[PDB]
Amino acid sequence: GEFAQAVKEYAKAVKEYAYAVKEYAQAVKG
Amino acid sequence: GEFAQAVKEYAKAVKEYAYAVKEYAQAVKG
Amino acid sequence: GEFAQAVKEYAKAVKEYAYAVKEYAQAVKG
Amino acid sequence: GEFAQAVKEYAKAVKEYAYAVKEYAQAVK
Amino acid sequence: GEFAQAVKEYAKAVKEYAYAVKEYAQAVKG
Amino acid sequence: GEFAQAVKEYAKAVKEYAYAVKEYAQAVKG
């Protein structure tokens with residue numbers, strides 16, 4: 001069940017990363 | 001100006017990838 | 001199938017962001 | 001198993017990025 | 001098989017991306 | 001098939017991003 005768990009963990013980290021890149025976009029402009 | 005737009009475009013692409021990883025995690029679990 | 005096209009589309013976005021990061025670095029050096 | 005190890009390294013980097021971005025968004029404002 | 005080998009190549013890429021993101025985080029701090 | 005090809009495109013893009021980050025890091029260092 002290791003691969004499905006890994007892909008679930010990856011989806012969560014990519015989602016978090018999208019929020020940080022969105023915050024960086026806001027920071028670079030301000 | 002131009003770099004902040006590029007960060008904003010990348011943030012959109014990471015969010016789209018996050019939804020595809022989440023869909024793939026569900027497909028593997030199947 | 002479906003995830004493979006998502007990974008191709010994400011790769012194109014990472015390429016584009018890389019190009020923009022380099023352009024922004026050249027802007028700092030300029 | 002290799003992919004699980006890669007995801008752990010990615011999860012750790014995303015947390016470090018998100019903290020440096022938060023601090024930066026302060027350094028400016 | 002071919003899928004296990006592709007997932008190992010994907011693992012290597014995700015790991016390489018991690019290490020680049022850590023470098024970018026350090027640059028944003030100093 | 002298409003997943004192995006997608007991973008190869010992703011791995012090439014990651015390496016372009018890693019080079020770009022080093023250029024930005026060097027610019028910020030003076």
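Heavy atoms only: backbone and side chains are in, while hydrogens, waters and symmetry mates are out. Each chain gets a letter, A, B and so on, in the order its sequence line appears, and its residues count up from 1.
- With respect to the salt-bridge test (charged N to carboxylate O, under 4.0 angstrom), the residues C:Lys8 and F:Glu2 qualify.
- For the residue pair B:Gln5/B:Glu9, the side-chain donor-acceptor check at 3.5 Å is not satisfied.
- E:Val14 and D:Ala6 make their closest contact through CG1-O, 3.9 Å (heavy atoms, listed as atom of the first residue, atom of the second, distance).
- Rounding to the nearest 0.5 Å places OH of E:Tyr24 at 4.5 Å from OH of F:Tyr24.
- At most 12 heavy atoms of other shown residues, nucleotides or ligands fall within 6.0 angstrom of atom NZ in A:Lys29.
- Taking B:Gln26 as the reference, B:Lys22 meet the side chain to side chain contact (heavy atoms under 4.5 Å, CB included) condition, with sequence neighbours excluded.
- Across all their heavy atoms, C:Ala11 and F:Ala13 have their closest contact at O-CB, 3.4 Å.
- Of all heavy-atom pairs spanning A:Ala20 and D:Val21, the tightest one is O-CG1, 3.8 Å.
- Contact detail for F:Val7 and C:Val7: the closest heavy-atom pair is N-CG1, 4.3 Å.
- When all heavy atoms of E:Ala25 and D:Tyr17 are compared, the closest pair comes out as CB-CA, 3.8 Å.
- Between C:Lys12 and C:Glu16 there is no salt bridge, since none of the side-chain N atoms of the basic residue sits less than 4.0 Å from a carboxylate O of the acidic one.
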